[PDB]
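Before any questions on how it binds or moves, here is one chain, the form deposited in one PDB entry, in structure tokens.
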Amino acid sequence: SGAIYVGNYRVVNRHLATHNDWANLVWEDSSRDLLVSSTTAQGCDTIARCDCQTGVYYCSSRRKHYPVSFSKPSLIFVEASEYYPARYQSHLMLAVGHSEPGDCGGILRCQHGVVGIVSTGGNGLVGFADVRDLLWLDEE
């Protein structure tokens, strides 16, 4: 579990979005595993605007933050998980590291701020849904 809170937006894994998220929907994209809902309070997070490939992610199944190198966001084939079938996912970054389904929502951060959230795992990789292209998260 986990979310990004930027302005009056809440950014979550689409597959973990609540009824309250869907009832206050700003934007969602199944191909990216992302959903953004509206919030009443303002959030503590800054979105990175950059092409960093090094950062640190939170792994709930280890209660640890790990430094990683990661690929630039791309269209990747993901094997079946407890929450999705085998499929192609867009805007996905991969790193070598530990990820279980419940790790989804952990933040990946760089020197510039929040890069994305854990979205995929298995076979010694962790996948992160990028948010750095969502420039609209910082206005309106």
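Note that residue numbering follows the sequence shown and begins at 1. Superpose the two forms; the largest set of C-alphas matching within 1.5 Å is the rigid core. Only residues modelled in both forms are compared.
K.L.:
Out of 113-121 and 7-15, which stretch has the higher average CA B-factor listed in the record?
P.N.:
Going by the record's values, the stretch with the higher mean is 7-15.
K.L.:
Per the PDB record, is the mean Cα temperature factor higher over 19-27 or over 124-132?
P.N.:
It is 19-27.
K.L.:
Based on what the PDB entry reports, which of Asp103, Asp45, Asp33, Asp51 has the top C-alpha B-factor?
P.N.:
Across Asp103, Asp45, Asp33, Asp51, the entry lists the biggest C-alpha B-factor for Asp45.
K.L.:
Choose from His98, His65, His91, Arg87 the residue with the greatest Cα B-factor as stated in the PDB record.
P.N.:
In this record, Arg87 carries the highest C-alpha B-factor of the candidates.
We do not show the form deposited with a small molecule bound, though everything after this point is about it.
K.L.:
Is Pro101 near the small molecule? Define near as a heavy atom within 4.5 Å, in the entry with it bound.
P.N.:
Within the cut-off, so yes.
K.L.:
Evaluate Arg87 for contact with the small molecule in the entry with it bound, applying a 4.5 angstroms cut-off between non-hydrogen atoms, and reply yes or no.
P.N.:
Close contact exists here: in the entry with it bound, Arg87 approaches the small molecule to within 4.5 Å, heavy atoms only.
K.L.:
Have a look at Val96, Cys50, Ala86, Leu75 and give me the residue whose C-alpha moves 2 Å or more between this form and the one not shown, with the fit done on the rigid core.
P.N.:
Spelled out, the residue whose C-alpha shifts by 2 Å or more is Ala86.
K.L.:
With the core superposed, could you pull out the runs of three or more residues whose CA atoms all shift by at least 2 Å between this form and the one not shown?
P.N.:
Core-superposed, just one run shifting 2 Å or more comes out: 80-86.
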